[PDB]
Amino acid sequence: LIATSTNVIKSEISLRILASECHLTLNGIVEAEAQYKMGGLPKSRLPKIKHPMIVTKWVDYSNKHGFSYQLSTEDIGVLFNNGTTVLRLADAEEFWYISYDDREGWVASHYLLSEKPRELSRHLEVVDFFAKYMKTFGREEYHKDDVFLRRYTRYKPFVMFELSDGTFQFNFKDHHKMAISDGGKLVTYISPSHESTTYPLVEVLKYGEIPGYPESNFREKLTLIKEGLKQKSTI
């Protein structure tokens, strides 16, 4: 696998955290494969099926001062070239400014668009551009499921998204998408018509393919996924 591009992470602590999640779900995938091959049944209660956060839209321009994406919450993020992020909530009133922190890797600050700080004014002009184009977070109820994009990597066969809740999303050339969550225990298949279905990974392995989508070439995709995770874990 040869990454054509990826965002630059300047923080060693951030890189450690990223590598840990890559390591974590790769281990999970390998364990699911071991359960399939050797038949062990974990004492642990099975993973509750929960649809993960997904990236529904993204764009990688060179001349607009950032990478941008939309999430299934309809939140819009801009990943700026210095590695900071503005995450604009779908309500079009609140946003997070996310920057580096020497203790936690990333830190997020809560703002209102109506009370925009002057030192983020140009950031929000860029965010406004991408909002037009498209059309960490505490424990408050409105924010407890908030997620942002920590790292993306573009490969020829797929683009890989690493979300802040530990979910990994893989968009393949054939417009089949797969998201791995819950430490590699759950796989979410997103069809080319955006029909979303989530399964325990071990169940898909035993079945041999994604239910309802025999053309999705699951085993090749899972191999690519493992290669992606393995590579990113070495940084």
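Throughout, we count residues from 1 along the sequence that is shown.
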| query | finding |
| --- | --- |
| Unmodelled deposited residues between residue 135 and residue 136, binned | 4 to 9 |
| Comparing 111 to 119 with 141 to 149, the one whose average Cα B-factor in the PDB entry is higher | 111 to 119 |
| Mean temperature factor over C-alpha atoms, higher-scoring stretch between 225 to 233 and 2 to 10 | 2 to 10 |
| Identity of residue with top Cα B-factor, from 170, 36, 58, 207 | 207 |
| Of the residues 68, 27, 44, 62, the one carrying the largest Cα B-factor as recorded | 44 |
| Residue 104, C-alpha B-factor rank within chain (lowest, middle or highest third) | highest |
| Residue 202, C-alpha B-factor rank within chain (lowest, middle or highest third) | middle |
| Entry-reported Cα temperature factor of residue 188, expressed as the chain third it lands in | middle |
| Chain thirds of CA B-factor: placement of residue 178 | middle |
